[PDB]
Protein chains: 2
Amino acid sequence: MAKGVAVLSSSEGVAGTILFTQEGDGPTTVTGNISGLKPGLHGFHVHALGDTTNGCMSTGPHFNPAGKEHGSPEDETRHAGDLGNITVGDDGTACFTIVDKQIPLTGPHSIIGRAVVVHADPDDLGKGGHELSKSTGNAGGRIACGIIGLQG
Amino acid sequence: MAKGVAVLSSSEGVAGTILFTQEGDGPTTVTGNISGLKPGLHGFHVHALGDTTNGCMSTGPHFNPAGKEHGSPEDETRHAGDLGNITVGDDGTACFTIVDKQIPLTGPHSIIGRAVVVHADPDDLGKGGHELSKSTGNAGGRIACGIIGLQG
Ligand SMILES: [Zn+2]
Ligand SMILES: [Zn+2]
């Protein structure tokens with residue numbers, strides 16, 4: 001049972017905490033609980049780095065060990081870091097649970113030490129018209145992020 | 001891979017960072033993220049010099065090794081620095097990527113050590129009919145800038 005936790009920092013409204021859980025090499029479970037977001041859909045990703053020296057900007061692109069194109073968590077075409085959209089409710093609040101099989105807490109593909117980033121806009125899932133669709137799903141700015149710290 | 005990074009200063013509350021990237025001698029990709037700006041279109045150019053002894057003002061006109069008049073980035077008649085407009089959203093942030101062929105990161109025409117400047121108003125693109133359309137795109141007003149430094 002490995003465990004991680006990202007405490008979200010933001011310059012805009014955004015607060016919250018995101019817990020990760022992995023038993024053996026079963027899937028990782030990410031349970032998130034967040035506030036200060038515009039109702040609707042927001043991109044949610046594991047970026048490649050946890051360099052926070054320029055805030056969320058310095059955390060690099062989506063965690064992509066497999067060198068693949070951007071997709072939804074449900075695609076075979078997909079970054080590892082692609083957790084899709086989280087649905088923000090009317091009160092600015094999201095409270096979700098995602099189970100994924102590409103964001104391990106242990107080993108050489110570990111996301112421990114990396115950042116999760118919530119985005120201003122919906123993730124395209126690689127399918128919008130846009131120039132950035134197949135690399136970022138064109139989700140706009142990095143509105144909150146925290147480094148995935150090892151938890152006890 | 002050549003890399004560049006400009007950190008914005010302003011006396012007007014604009015903040016941001018702008019990244020540049022160029023594989024070998026393909027186009028340069030510029031990815032920026034900026035805050036503290038009036039919503040709507042702002043002209044966005046690479047300027048000739050990286051001289052900030054008098055602020056944004058000492059950075060010269062638009063970067064222009066070919067000696068052309070001002071245009072849109074998609075025109076033949078175009079300064080090298082003619083990067084068009086960025087769109088600032090209702091929160092006063094802009095998050096954007098521009099791919100361009102005339103702003104290299106290496107060689108004689110390299111933009112490294114030059115400045116990138118955000119302007120108060122929209123760029124004309126040379127089509128506004130103003131006496132300054134063919135020079136500044138009537139965007140006029142330097143509201144933040146940053147010298148393009150070498151990145152790791
Ligand atoms: Zn992705
Ligand atoms: Zn120009």
# chains A, B, ... in the order shown; residues from 1 in each chain; ligands from 1
>>> interface_residues(of="chain A", to="chain B", cutoff="10 Å", atoms="only C-alpha atoms", output="list in words")
residues 12, 54, 57, 120, 131, 132, 138, 139, 140, 141 and 142 of chain A
>>> residues_near_ligand(ligand="ligand 2", cutoff="6 Å", atoms="only C-alpha atoms and all ligand atoms", output="ChimeraX atom specification")
/B:62,70,79,82,135-136
>>> select_by_dssp(residues="chain A", states="helix (DSSP H, G or I)", output="ChimeraX atom specification")
/A:57-59,133-136
>>> residues_near_ligand(ligand="ligand 1", cutoff="9 Å", atoms="only C-alpha atoms and all ligand atoms", output="JSON, numbers by chain")
{"A": [45, 46, 47, 61, 62, 63, 64, 68, 69, 70, 71, 72, 73, 78, 79, 80, 81, 82, 83, 84, 123, 125, 126, 133, 134, 135, 136, 137]}
>>> select_by_dssp(residues="segment 53-151 of chain A", states="strand (DSSP E or B)", output="PyMOL selection string")
chain A and resi 62+82-88+93-100+115-119+142-150
>>> residues_around(residues="residue 109 of chain A", least_positions_apart="5", cutoff="8 Å", atoms="only C-alpha atoms", output="PyMOL selection string")
chain A and resi 65+103-104
